[PDB]
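Engineer: Generate a structure from the sequence data that follows.
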Amino acid sequence: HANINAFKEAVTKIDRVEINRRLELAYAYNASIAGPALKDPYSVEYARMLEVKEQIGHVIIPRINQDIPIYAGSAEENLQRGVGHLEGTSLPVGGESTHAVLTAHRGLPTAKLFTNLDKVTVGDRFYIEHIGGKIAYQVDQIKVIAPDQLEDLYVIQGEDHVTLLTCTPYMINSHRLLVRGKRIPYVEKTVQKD
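Structural biologist: Numbers count the residues shown, from 1 in each chain. See the structure here:
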């Protein structure tokens, strides 16, 4: 997007001392490991530290060719221009005992968004870029649930996950699709051409 060059650009213009301070806030917030009730996003300023040019980062999902900005909250306004972050879950900055949940409409006219998330397979990876850098996840579990079930979205102590959440079956949307990655080391030698 044009929206994510503006993110990339503004990040380089920020003192590290500041970037650090902002990340410290994010981590401290992420001790919400030690806790109440998520709201299925389809029916704030909590992430301000991470917010740069309106965005908390972008997510890159090579299998499906997406690089999509991430916005705080699940407000429909934002769910029209990218990925929303499910308030109540960890902020997408990784860490032991974190589980960030990122959600996005399927096949919106303005953007494809997560429309093709059914084509991600356990083993594929995705990446999150935030003020502090880039972190990598390898998909370890794909599963299908009813909209009122949230056990899978809570923090799993001692582990580091991000879940990508959308509705399914395609064009039916009766249930939700959860593509979950497990943190791995970020290795340049990241491959996008494949």
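Engineer: can you list the residues that contact the top strand by length along the chain?
Structural biologist: Using DSSP state E to define each element, the chain has its longest strand at strand 133-145. Here strand 133-145 makes contact (Cβ atoms under 8 Å, 6 or more residues apart in numbering) with 93-94, 120-128, 152, 161-162, 168, 175-187, 190. Placement of C-beta: from N, CA and C, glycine included.
Engineer: same question, stretch 85-92
Structural biologist: Contacting residues not belonging to stretch 85-92 are listed as 26, 29-30, 32-33, 36-39, 41, 44, 46-47, 50, 56-57, 59, 70-74, 98-103, 128, 130, 153, 155, 162, 165 [Cβ under 8 Å, 6+ apart].
Engineer: try stretch 10-26
Structural biologist: Stretch 10-26 has contacts (Cβ under 8 Å, 6+ apart) with 47, 49-50, 52-53, 91, 93, 131-132.
Engineer: from the contacts of stretch 85-92, which ones fall inside strands?
Structural biologist: If you go by DSSP E, the contacts of stretch 85-92 have 57, 59, 70-71, 98-103, 128, 130, 162, 165 in strands.
Engineer: for the chain, which helix is longest?
Structural biologist: Longest helix in the chain by number of residues (criterion: DSSP state H): helix 16-30.
Engineer: List the buried residues for that helix?
Structural biologist: Under the neighbour-count criterion of 16 or more other Cβ atoms under 10 Å, helix 16-30 has 19, 22-23, 26-27, 30 buried.
Engineer: what does stretch 165-184 give?
Structural biologist: Buried residues in stretch 165-184, counted by 16+ other Cβ under 10 Å: 165-168, 176-183.
Engineer: Need the max-distance pair from those.
Structural biologist: The largest separation in those, counting by Cβ to Cβ, is between 167 and 183 at 25.6 Å.
Engineer: follow-up on the earlier one: out of the buried residues of helix 16-30, which one sits closest to residue 111?
Structural biologist: Closest to residue 111 out of the buried residues of helix 16-30 is residue 26 (26.3 Å), distances taken as Cβ to Cβ.
Engineer: Show the backbone phi and psi for residue 148.
Structural biologist: phi -90, psi 0 (degrees, to the nearest 10).
Engineer: repeat for residue 86
Structural biologist: According to degrees, to the nearest 10, residue 86 has phi -80, psi 110.
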